[PDB]
Amino acid sequence: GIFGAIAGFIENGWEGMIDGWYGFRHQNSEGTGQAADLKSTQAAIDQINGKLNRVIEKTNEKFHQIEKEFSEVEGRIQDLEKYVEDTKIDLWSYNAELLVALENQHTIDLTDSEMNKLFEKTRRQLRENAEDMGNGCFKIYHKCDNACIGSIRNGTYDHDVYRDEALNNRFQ
Amino acid sequence: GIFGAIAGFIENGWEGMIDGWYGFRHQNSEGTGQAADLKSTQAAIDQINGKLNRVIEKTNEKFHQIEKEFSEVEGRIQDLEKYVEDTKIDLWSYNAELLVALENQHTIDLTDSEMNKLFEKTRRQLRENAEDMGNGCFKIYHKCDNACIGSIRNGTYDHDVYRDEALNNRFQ
Amino acid sequence: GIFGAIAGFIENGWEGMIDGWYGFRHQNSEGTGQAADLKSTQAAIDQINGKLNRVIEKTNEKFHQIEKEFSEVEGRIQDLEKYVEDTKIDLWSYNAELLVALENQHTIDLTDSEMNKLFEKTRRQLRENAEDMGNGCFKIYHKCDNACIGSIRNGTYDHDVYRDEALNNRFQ
Amino acid sequence: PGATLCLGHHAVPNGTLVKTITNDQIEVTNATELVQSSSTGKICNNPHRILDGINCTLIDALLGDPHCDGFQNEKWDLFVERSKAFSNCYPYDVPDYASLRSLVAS
Amino acid sequence: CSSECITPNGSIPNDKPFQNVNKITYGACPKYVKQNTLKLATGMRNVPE
Ligand SMILES: *[C@@H]1O[C@H](CO)[C@@H](O[C@@H]2O[C@H](CO)[C@@H](O)[C@H](O)[C@H]2NC(C)=O)[C@H](O)[C@H]1NC(C)=O
Ligand SMILES: *[C@@H]1O[C@H](CO)[C@@H](O[C@@H]2O[C@H](CO)[C@@H](O)[C@H](O)[C@H]2NC(C)=O)[C@H](O)[C@H]1NC(C)=O
Ligand SMILES: *[C@@H]1O[C@H](CO)[C@@H](O)[C@H](O)[C@H]1NC(C)=O
Ligand SMILES: *[C@@H]1O[C@H](CO)[C@@H](O)[C@H](O)[C@H]1NC(C)=O
Ligand SMILES: *[C@@H]1O[C@H](CO)[C@@H](O)[C@H](O)[C@H]1NC(C)=O
Ligand SMILES: *[C@@H]1O[C@H](CO)[C@@H](O)[C@H](O)[C@H]1NC(C)=O
């Protein structure tokens with residue numbers, strides 16, 4: 001993907017994350033656990049639904065048209081009728097092929113984006129209290145219990161509370 | 001947007017910025033002020049104009065064609081003439097719809113990009129003298145008067161000048 | 001490009017890099033040298049080849065069709081035959097124009113991406129042992145001989161080995 | 001003493017392969033079919049008014065071939081001509097048959 | 001039964017934008033294409049261990 005997160009610096013996805021599309025796993029003094037991030041899951045899904053609504057959209061309505069099957073050889077005028085239909089089908093076939101390929105490239109890129117946005121939002125929250133370990137994981141340089149982890153996921157983690165402790169651990 | 005800046009980590013736009021598309025607002029010992037960034041404004045605009053020139057481009061010229069309105073019922077040959085025109089109009093209608101939707105997605109993404117490029121160029125300039133506060137703002141850990149702010153916007157800010165002072169403030 | 005690396009924070013390309021599309025140049029106690037990065041070169045190329053295979057793909061096969069050149073003035077039916085062909089050619093001309101323009105925009109963006117992915121993978125490897133100098137270059141704050149540089153390119157550089165030394169140099 | 005916080009995304013046991021701009025087969029978590037390829041096999045009699053021609057072509061119902069007398073004054077949204085139809089009156093031909101059948105049908 | 005789109009093979013649903021059933025149609029029908037399948041991704045890259 002164009003951001004390098006999914007199938008990039010995050011080695012692989014999590015089959016055990018069954019209640020969201022993106023999320024956090026943590027390790028701390030009390031153990032390990034997981035949680036979905038709703039707002040990024042919803043972002044990816046909303047975009048994808050936007051794209052579905054545009055495509056699953058009302059088919060045109062046509063009634064009487066030209067004929068497209070013929071029981072007798074007639075020559076010039078039937079040549080035309082066939083060429084007309086064959087030309088339309090090829091054009092529409094091309095459109096459908098291109099559409100699906102563009103959308104799919106964009107779908108894979110936008111979901112990559114969201115993963116990357118969530119990571120960056122997290123990196124920003126932690127300030128000087130953590131280092132990026134390169135695989136999508138943050139080493140956090142202070143005691144960080146389940147509530148603390150919870151505040152990181154809520155967006156109410158106050159880095160100044162932990163700053164003297166983390167800076168001390170980071171630089172020795 | 002695909003980078004997460006506009007309508008992302010920057011809460012909202014500035015109606016008061018009337019002389020550029022992107023810019024800086026600062027707070028320091030002398031007060032607060034604003035300034036447009038010309039080079040990123042010009043980047044967004046140039047791309048958008050490129051895209052306009054491609055689209056507003058010379059319409060094709062057609063002269064004598066087929067007829068498209070008919071006062072008498074005729075059957076087979078008029079069925080064909082109508083089907084031919086109806087097929088072309090639908091194809092062109094589809095093209096126009098797709099074009100506008102692709103371009104608009106790309107326009108919103110490229111302008112997002114520029115905002116994000118400007119931010120990153122700034123983060124790089126400041127080195128160890130500032131921290132990203134998460135909302136598009138840099139906390140600068142040294143006295144930074146209007147000229148100093150000016151040098152950050154000119155691209156001639158010399159971080160080594162302020163480094164001992166900032167490192168001292170950042171780590172305590 | 002949409003990431004800001006090629007023709008952005010990297011001033012220019014290297015005509016001397018003749019064995020890869022992306023790579024490293026280093027300066028250290030033993031001198032200066034260069035090396036290609038194979039895995040990012042291969043990523044860009046693979047994508048581009050994917051896109052070529054989709055396009056250079058089997059042309060459709062048509063046989064008997066309508067006529068497209070005429071030696072006598074005939075009126076209504078020849079008007080139709082010409083209008084049909086002229087309509088198809090314009091539609092295909094449009095498709096080909098759009099295709100090439102979309103692909104080219106995406107090709108320039110994906111190669112930009114790869115350059116940027118490689119940089120970020122590197123920044124992550126070095127942790128607290130280096131600072132980004134803004135022009136695509138990392139200042140490394142420890143003695144880093146040819147093997148050390150080699151380990152950075154292999155992906156087996158162990159930042160903890162150099163950490164006390166770098167932190168000491170960085171903060172003074 | 002510290003913690004580790006890991007960022008990630010889901011995967012599924014049964015991915016499906018789709019086509020992209022740069023990749024002929026790449027695996028995603030889910031996808032949806034955009035080409036209808038099956039039919040129930042029947043013509044539905046709502047919401048369009050279907051008139052089954054049974055043994056009769058439109059032209060025969062027009063002229064009033066005796067076995068087609070049941071079609072006198074009928075209306076239709078879609079007239080269905082069956083392959084088993086047959087003529088059983090005076091042997092006739094229509095110059096531009098296709099056009100007559102078209103304009104009546106329409 | 002009820003269905004907006006008719007083909008000589010029988011009626012077809014019209015929830016999808018394209019169809020491979022018959023170039024001949026009546027009503028509100030998906031557009032006819034040569035492909036028998038086109039899958040539109042509705043999730044991210046599947047990347048298992
Ligand atoms: C595969 O993708 C589709 C489209 O996003 C999903 O189908 C939808 O699921 C919702 C919620 O359960 C339904 O209410 C909709 O009616 C479905 N939409 C369509 C287009 O059918 C589905 O979630 C995915 N399939 C699996 C197994 O996850
Ligand atoms: C709908 O009807 C058409 C025509 O009756 C079917 O197309 C035929 O497909 C078979 C087998 O693939 C070919 O041997 C015939 O030559 C085709 N006939 C024509 C005129 O194209 C088609 O299979 C039917 N569609 C479905 C899905 O039932
Ligand atoms: C989430 O935020 C709420 C509201 O501020 C707070 O009460 C709670 O402690 C946070 N969650 C956790 C698990 O700490
Ligand atoms: C901008 O750069 C110029 C030229 O180097 C310099 O004279 C000036 O001090 C800078 N601007 C401000 C407001 O400091
Ligand atoms: C590259 O990695 C290999 C295998 O671990 C190692 O032997 C070598 O030292 C590294 N390359 C250089 C130039 O140091
Ligand atoms: C149609 O034709 C066949 C042969 O005449 C006959 O047996 C059948 O009854 C006819 N069908 C109807 C419904 O009139």
# chains A, B, ... in the order shown; residues from 1 in each chain; ligands from 1
$ residues_near_ligand --ligand "ligand 2" --cutoff "7 Å" --atoms "only C-alpha atoms and all ligand atoms" --output "ChimeraX atom specification"
/D:37-39 /E:8-9,21-22
$ calpha_fit_and_write --fixed "chain A" --moving "chain C" --output "compact mmCIF listing (two decimals) with C-alpha atoms, in the first residue's frame"
# COMPACT_ATOMS: atom_id res chain seq x y z
CA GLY C 1 0.00 0.00 0.00
CA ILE C 2 1.04 3.54 -0.67
CA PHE C 3 1.69 4.37 3.06
CA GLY C 4 3.66 1.33 3.97
CA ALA C 5 1.71 0.26 7.05
CA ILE C 6 -0.50 -2.67 6.08
CA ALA C 7 1.73 -5.34 4.53
CA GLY C 8 4.62 -3.00 5.41
CA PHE C 9 5.94 -1.97 8.81
CA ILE C 10 3.12 -3.88 10.46
CA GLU C 11 4.16 -7.49 9.71
CA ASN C 12 0.65 -8.92 9.54
CA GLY C 13 -3.00 -8.58 10.52
CA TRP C 14 -4.76 -9.96 13.59
CA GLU C 15 -7.42 -12.65 13.07
CA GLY C 16 -8.30 -12.28 16.74
CA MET C 17 -9.44 -8.68 16.35
CA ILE C 18 -13.06 -9.44 15.61
CA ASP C 19 -14.79 -6.25 16.74
CA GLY C 20 -13.02 -3.63 14.65
CA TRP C 21 -10.81 -3.10 11.62
CA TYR C 22 -8.00 -1.41 13.53
CA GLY C 23 -7.00 -1.53 17.15
CA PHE C 24 -4.47 -1.71 19.97
CA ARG C 25 -2.69 -4.58 21.68
CA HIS C 26 -0.78 -3.82 24.81
CA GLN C 27 1.65 -5.43 27.24
CA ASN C 28 2.13 -4.03 30.77
CA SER C 29 2.40 -4.93 34.48
CA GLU C 30 -1.08 -6.49 34.51
CA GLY C 31 -0.65 -8.60 31.37
CA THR C 32 -1.77 -8.26 27.79
CA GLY C 33 -5.05 -7.28 26.12
CA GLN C 34 -6.68 -5.89 22.98
CA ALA C 35 -9.25 -3.35 21.88
CA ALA C 36 -10.70 -2.11 18.64
CA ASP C 37 -10.47 1.54 17.62
CA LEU C 38 -14.01 2.52 16.54
CA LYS C 39 -13.33 5.85 14.86
CA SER C 40 -10.77 4.62 12.33
CA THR C 41 -12.80 1.48 11.64
CA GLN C 42 -15.73 3.73 10.91
CA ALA C 43 -13.67 5.97 8.64
CA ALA C 44 -12.57 3.11 6.41
CA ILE C 45 -16.05 1.61 6.32
CA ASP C 46 -17.80 4.95 5.57
CA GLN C 47 -15.52 5.60 2.60
CA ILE C 48 -16.03 2.10 1.30
CA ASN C 49 -19.79 2.43 1.69
CA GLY C 50 -19.66 5.77 -0.18
CA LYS C 51 -17.98 3.97 -3.02
CA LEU C 52 -20.52 1.12 -2.93
CA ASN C 53 -23.44 3.57 -3.03
CA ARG C 54 -21.96 5.24 -6.06
CA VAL C 55 -21.60 1.89 -7.84
CA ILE C 56 -24.68 -0.17 -6.73
CA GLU C 57 -26.58 2.96 -7.84
CA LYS C 58 -29.70 2.84 -10.00
CA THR C 59 -29.19 1.13 -13.30
CA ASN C 60 -30.53 3.03 -16.31
CA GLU C 61 -33.90 2.01 -17.73
CA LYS C 62 -34.16 1.16 -21.45
CA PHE C 63 -37.21 -0.20 -23.29
CA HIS C 64 -37.66 -0.78 -27.03
CA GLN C 65 -34.21 -0.90 -28.66
CA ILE C 66 -32.62 -2.47 -31.69
CA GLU C 67 -32.59 -6.20 -32.39
CA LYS C 68 -29.44 -8.15 -31.55
CA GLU C 69 -30.09 -11.63 -32.90
CA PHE C 70 -30.88 -12.51 -36.48
CA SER C 71 -32.20 -15.56 -38.25
CA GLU C 72 -31.40 -14.56 -41.88
CA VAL C 73 -28.37 -13.18 -43.69
CA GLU C 74 -29.20 -9.62 -44.80
CA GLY C 75 -25.95 -7.76 -45.38
CA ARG C 76 -25.29 -4.06 -44.93
CA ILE C 77 -27.91 -3.07 -42.40
CA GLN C 78 -27.42 -6.09 -40.19
CA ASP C 79 -23.65 -5.54 -40.32
CA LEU C 80 -24.31 -2.11 -38.88
CA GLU C 81 -26.69 -3.25 -36.15
CA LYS C 82 -24.17 -5.88 -34.98
CA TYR C 83 -21.22 -3.47 -35.13
CA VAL C 84 -23.16 -0.93 -33.09
CA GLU C 85 -23.93 -3.44 -30.34
CA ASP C 86 -20.46 -4.97 -30.37
CA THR C 87 -18.96 -1.49 -30.03
CA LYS C 88 -21.13 -0.58 -27.02
CA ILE C 89 -20.44 -3.88 -25.22
CA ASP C 90 -16.68 -3.45 -25.62
CA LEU C 91 -16.80 0.11 -24.33
CA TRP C 92 -18.87 -0.91 -21.32
CA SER C 93 -16.66 -3.94 -20.72
CA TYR C 94 -13.66 -1.63 -20.68
CA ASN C 95 -15.34 0.80 -18.25
CA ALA C 96 -16.26 -1.98 -15.85
CA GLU C 97 -12.75 -3.38 -15.92
CA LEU C 98 -11.17 0.01 -15.28
CA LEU C 99 -13.62 0.91 -12.57
CA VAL C 100 -13.06 -2.18 -10.53
CA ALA C 101 -9.28 -1.86 -10.90
CA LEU C 102 -9.17 1.86 -9.88
CA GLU C 103 -11.55 1.37 -6.98
CA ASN C 104 -9.62 -1.60 -5.71
CA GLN C 105 -6.32 0.25 -5.84
CA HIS C 106 -7.90 3.12 -3.99
CA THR C 107 -9.62 0.85 -1.44
CA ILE C 108 -6.32 -0.84 -0.53
CA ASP C 109 -4.63 2.58 -0.30
CA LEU C 110 -7.30 4.25 1.86
CA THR C 111 -7.37 1.44 4.40
CA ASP C 112 -3.55 1.63 4.49
CA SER C 113 -3.95 5.37 5.13
CA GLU C 114 -6.29 4.85 8.10
CA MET C 115 -3.87 2.43 9.77
CA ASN C 116 -1.16 4.95 9.28
CA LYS C 117 -3.31 7.90 10.57
CA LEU C 118 -4.09 5.98 13.74
CA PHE C 119 -0.43 5.23 14.36
CA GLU C 120 0.55 8.87 13.85
CA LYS C 121 -2.22 10.09 16.16
CA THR C 122 -0.86 7.74 18.78
CA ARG C 123 2.81 8.81 18.30
CA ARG C 124 1.69 12.38 18.83
CA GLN C 125 -0.22 11.59 21.98
CA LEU C 126 2.80 9.99 23.65
CA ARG C 127 5.25 12.81 22.93
CA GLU C 128 8.58 12.13 24.64
CA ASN C 129 7.28 9.22 26.70
CA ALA C 130 7.77 6.51 24.06
CA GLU C 131 9.87 5.39 21.14
CA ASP C 132 8.65 3.81 17.87
CA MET C 133 10.12 0.27 17.72
CA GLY C 134 9.70 0.02 13.97
CA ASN C 135 7.05 -2.71 13.76
CA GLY C 136 4.02 -0.62 14.63
CA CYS C 137 4.75 -0.88 18.35
CA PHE C 138 5.52 1.79 20.88
CA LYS C 139 7.91 1.15 23.75
CA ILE C 140 6.50 3.21 26.63
CA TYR C 141 9.10 4.24 29.18
CA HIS C 142 6.89 4.50 32.26
CA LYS C 143 4.68 2.22 34.34
CA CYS C 144 1.45 2.14 32.31
CA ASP C 145 -1.40 0.13 33.82
CA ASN C 146 -4.71 -0.81 32.21
CA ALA C 147 -6.28 2.59 32.88
CA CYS C 148 -3.22 4.40 31.55
CA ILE C 149 -3.45 2.25 28.39
CA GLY C 150 -7.15 3.08 28.45
CA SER C 151 -6.41 6.80 28.47
CA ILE C 152 -4.14 6.38 25.47
CA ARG C 153 -7.04 4.73 23.60
CA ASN C 154 -9.64 7.36 24.85
CA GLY C 155 -7.38 10.26 23.84
CA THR C 156 -7.16 11.70 27.35
CA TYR C 157 -3.64 10.55 28.18
CA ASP C 158 -1.80 13.43 29.78
CA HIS C 159 1.87 13.03 28.82
CA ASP C 160 3.06 15.63 31.30
CA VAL C 161 2.01 13.36 34.14
CA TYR C 162 4.52 10.70 33.02
CA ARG C 163 7.19 12.91 31.44
CA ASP C 164 9.84 13.13 34.25
CA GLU C 165 9.57 9.37 34.71
CA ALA C 166 9.89 8.50 31.02
CA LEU C 167 12.72 10.95 30.23
CA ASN C 168 14.61 9.45 33.09
CA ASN C 169 14.26 5.89 31.77
CA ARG C 170 14.92 6.84 28.15
CA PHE C 171 18.19 8.65 28.75
CA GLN C 172 20.65 6.67 30.83
$ atom_distance --atom1 "atom 9 (O, counted along the ligand's line) of ligand 6" --atom2 "CA of residue 54 (chain D)"
9.2 Å
$ residues_near_ligand --ligand "ligand 6" --cutoff "10 Å" --atoms "only C-alpha atoms and all ligand atoms" --output "VMD selection string"
chain D and resid 52 to 56 67 to 68 70 84 to 86 88
$ residues_near_ligand --ligand "ligand 1" --cutoff "7 Å" --atoms "only C-alpha atoms and all ligand atoms" --output "PyMOL selection string"
(chain A and resi 49) or (chain D and resi 30-32) or (chain E and resi 42)
$ residues_around --residues "residue 36 (chain D)" --least-positions-apart "3" --cutoff "7 Å" --atoms "only C-alpha atoms" --output "ChimeraX atom specification"
/E:16,18-20
$ atom_distance --atom1 "CA of residue 92 (chain D)" --atom2 "CA of residue 77 (chain D)"
27.1 Å
$ select_by_dssp --residues "region 14-167 of chain B" --states "alpha helix (DSSP H)" --output "JSON, numbers by chain"
{"B": [38, 39, 40, 41, 42, 43, 44, 45, 46, 47, 48, 49, 50, 51, 52, 53, 54, 55, 76, 77, 78, 79, 80, 81, 82, 83, 84, 85, 86, 87, 88, 89, 90, 91, 92, 93, 94, 95, 96, 97, 98, 99, 100, 101, 102, 103, 104, 105, 106, 107, 108, 109, 110, 111, 112, 113, 114, 115, 116, 117, 118, 119, 120, 121, 122, 123, 124, 125, 126, 146, 147, 148, 149, 150, 151, 152, 153, 154, 159, 160, 161, 162, 163, 164, 165, 166, 167]}
$ residues_around --residues "residue 75 (chain D)" --least-positions-apart "2" --cutoff "10 Å" --atoms "only C-alpha atoms" --output "list in words"
residues 49, 50, 51, 71, 72, 73, 77, 78, 79 and 105 of chain D
$ atom_distance --atom1 "atom 2 (O, counted along the ligand's line) of ligand 3" --atom2 "CA of residue 1 (chain D)"
24.0 Å
$ interface_residues --of "chain D" --to "chain B" --cutoff "6 Å" --atoms "only C-alpha atoms" --output "list in words"
residues 99, 102 and 103 of chain D
$ write_last_selection --atoms "C-alpha atoms" --output "tab-separated table (two decimals), in the first residue's frame"
chain	number	residue	atom	x	y	z
D	99	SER	CA	-39.99	-2.51	-39.37
D	102	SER	CA	-40.97	-2.97	-34.57
D	103	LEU	CA	-43.42	-0.11	-34.86
$ closest_atom_pairs --of "chain D" --to "chain E" --cutoff "12 Å" --atoms "only C-alpha atoms" --output "CSV"
residue,atom,partner,partner_atom,distance
D:8,CA,E:47,CA,11.2
D:9,CA,E:44,CA,9.1
D:10,CA,E:46,CA,8.0
D:11,CA,E:46,CA,5.3
D:12,CA,E:46,CA,6.6
D:13,CA,E:48,CA,7.7
D:14,CA,E:46,CA,8.6
D:15,CA,E:46,CA,6.0
D:16,CA,E:46,CA,8.3
D:17,CA,E:39,CA,8.1
D:18,CA,E:39,CA,5.9
D:19,CA,E:39,CA,7.6
D:20,CA,E:41,CA,9.5
D:24,CA,E:39,CA,11.9
D:25,CA,E:39,CA,10.9
D:26,CA,E:45,CA,7.8
D:27,CA,E:46,CA,5.6
D:28,CA,E:45,CA,4.2
D:29,CA,E:46,CA,4.9
D:30,CA,E:43,CA,5.3
D:31,CA,E:41,CA,4.1
D:32,CA,E:40,CA,5.2
D:33,CA,E:39,CA,4.7
D:34,CA,E:16,CA,5.1
D:35,CA,E:18,CA,4.6
D:36,CA,E:19,CA,4.3
D:37,CA,E:20,CA,5.1
D:38,CA,E:21,CA,6.5
D:39,CA,E:12,CA,5.0
D:40,CA,E:10,CA,6.3
D:41,CA,E:10,CA,4.5
D:42,CA,E:10,CA,4.4
D:43,CA,E:10,CA,4.5
D:44,CA,E:1,CA,4.9
D:45,CA,E:1,CA,6.2
D:46,CA,E:2,CA,4.6
D:47,CA,E:2,CA,6.1
D:48,CA,E:4,CA,7.5
D:49,CA,E:4,CA,11.2
D:50,CA,E:6,CA,10.3
D:77,CA,E:26,CA,9.7
D:78,CA,E:26,CA,8.0
D:79,CA,E:26,CA,10.8
D:80,CA,E:8,CA,9.0
D:81,CA,E:8,CA,10.2
D:82,CA,E:8,CA,10.3
D:83,CA,E:8,CA,11.7
$ select_by_dssp --residues "region 33-62 of chain A" --states "strand (DSSP E)" --output "JSON, numbers by chain"
{"A": [33, 34, 35, 36, 61, 62]}
$ write_last_selection --atoms "C-alpha atoms" --output "PDB file, in the first residue's frame"
ATOM      1  CA  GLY A  33      -5.050  -7.275  26.121  1.00  0.00           C
ATOM      2  CA  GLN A  34      -6.679  -5.893  22.982  1.00  0.00           C
ATOM      3  CA  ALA A  35      -9.250  -3.354  21.880  1.00  0.00           C
ATOM      4  CA  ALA A  36     -10.697  -2.112  18.637  1.00  0.00           C
ATOM      5  CA  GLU A  61     -33.900   2.015 -17.726  1.00  0.00           C
ATOM      6  CA  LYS A  62     -34.162   1.165 -21.449  1.00  0.00           C
TER       7      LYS A  62
END
$ decode --residues "region 67-79 of chain A" --atoms "N, CA and C atoms" --output "PDB file, in the first residue's frame"
ATOM      1  N   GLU A  67     -32.737  -4.755 -32.533  1.00  0.00           N
ATOM      2  CA  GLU A  67     -32.587  -6.200 -32.392  1.00  0.00           C
ATOM      3  C   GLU A  67     -31.108  -6.598 -32.355  1.00  0.00           C
ATOM      4  N   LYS A  68     -30.818  -7.747 -31.768  1.00  0.00           N
ATOM      5  CA  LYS A  68     -29.438  -8.152 -31.548  1.00  0.00           C
ATOM      6  C   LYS A  68     -29.204  -9.603 -31.921  1.00  0.00           C
ATOM      7  N   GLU A  69     -30.234 -10.267 -32.424  1.00  0.00           N
ATOM      8  CA  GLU A  69     -30.088 -11.632 -32.904  1.00  0.00           C
ATOM      9  C   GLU A  69     -30.848 -11.739 -34.209  1.00  0.00           C
ATOM     10  N   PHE A  70     -30.338 -12.527 -35.141  1.00  0.00           N
ATOM     11  CA  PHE A  70     -30.879 -12.510 -36.484  1.00  0.00           C
ATOM     12  C   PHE A  70     -30.924 -13.889 -37.100  1.00  0.00           C
ATOM     13  N   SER A  71     -32.053 -14.233 -37.696  1.00  0.00           N
ATOM     14  CA  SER A  71     -32.204 -15.564 -38.255  1.00  0.00           C
ATOM     15  C   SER A  71     -31.862 -15.684 -39.750  1.00  0.00           C
ATOM     16  N   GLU A  72     -31.722 -14.560 -40.447  1.00  0.00           N
ATOM     17  CA  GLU A  72     -31.404 -14.563 -41.879  1.00  0.00           C
ATOM     18  C   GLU A  72     -30.233 -13.657 -42.169  1.00  0.00           C
ATOM     19  N   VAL A  73     -29.472 -14.002 -43.197  1.00  0.00           N
ATOM     20  CA  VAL A  73     -28.369 -13.181 -43.686  1.00  0.00           C
ATOM     21  C   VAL A  73     -28.966 -12.019 -44.477  1.00  0.00           C
ATOM     22  N   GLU A  74     -28.570 -10.786 -44.167  1.00  0.00           N
ATOM     23  CA  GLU A  74     -29.201  -9.621 -44.796  1.00  0.00           C
ATOM     24  C   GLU A  74     -28.188  -8.641 -45.375  1.00  0.00           C
ATOM     25  N   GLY A  75     -26.976  -8.646 -44.856  1.00  0.00           N
ATOM     26  CA  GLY A  75     -25.954  -7.761 -45.382  1.00  0.00           C
ATOM     27  C   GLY A  75     -25.752  -6.444 -44.644  1.00  0.00           C
ATOM     28  N   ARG A  76     -25.812  -5.346 -45.390  1.00  0.00           N
ATOM     29  CA  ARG A  76     -25.291  -4.059 -44.933  1.00  0.00           C
ATOM     30  C   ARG A  76     -25.912  -3.575 -43.635  1.00  0.00           C
ATOM     31  N   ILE A  77     -27.240  -3.604 -43.563  1.00  0.00           N
ATOM     32  CA  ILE A  77     -27.913  -3.066 -42.403  1.00  0.00           C
ATOM     33  C   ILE A  77     -27.745  -3.933 -41.169  1.00  0.00           C
ATOM     34  N   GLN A  78     -27.715  -5.247 -41.341  1.00  0.00           N
ATOM     35  CA  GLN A  78     -27.422  -6.089 -40.188  1.00  0.00           C
ATOM     36  C   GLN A  78     -25.964  -5.975 -39.744  1.00  0.00           C
ATOM     37  N   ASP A  79     -25.038  -5.807 -40.689  1.00  0.00           N
ATOM     38  CA  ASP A  79     -23.645  -5.544 -40.321  1.00  0.00           C
ATOM     39  C   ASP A  79     -23.569  -4.372 -39.367  1.00  0.00           C
TER      40      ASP A  79
END
